[PDB]
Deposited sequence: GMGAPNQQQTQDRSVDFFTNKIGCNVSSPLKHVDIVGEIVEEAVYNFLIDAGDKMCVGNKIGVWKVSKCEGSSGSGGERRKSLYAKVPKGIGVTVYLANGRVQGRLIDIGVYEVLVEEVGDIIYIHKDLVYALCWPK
């Protein structure tokens, strides 16, 4: 579906997921959204409105990120993105989130 949607506007219709931007690049598992003051990696496992394996290498390590889930969000310092998981520091603790639950991961430009 996303293959030929580069340049399309895209938004999350989930009320708690404040993402409205443009699709800039697309990868097998996820796609990159330019949201103006922030970028996001949007998961193909997701609910998206529209109007090379992964792009997570784009997310800056050490930066404060917002990981959106289907039912909430995790905000903290990005530690690492592994093969299956995103690790974010909240307080002095590591929050692990499996990638299949990461609906979107945004960071400021």
Against the full deposited sequence, which stretches does the structure leave out? 1-16, 68-79
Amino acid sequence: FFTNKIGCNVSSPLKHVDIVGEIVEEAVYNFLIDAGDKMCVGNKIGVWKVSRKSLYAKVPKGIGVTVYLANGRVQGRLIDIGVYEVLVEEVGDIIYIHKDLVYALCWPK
From here on, numbers count along this sequence of modelled residues.
Read off the CA B-factors in the entry, average them over 61-69 and over 38-46, and name the higher stretch. 61-69
Using only C-alpha atoms and the B-factors in the entry, which stretch averages higher, 28-36 or 70-78? 70-78
Please say which third, lowest, middle or highest, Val102 falls into when its CA temperature factor is compared across its chain. middle
When the deposited Cα B-factors of this chain's modelled residues are ordered and cut into thirds, is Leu87 in the lowest, the middle or the highest one? lowest
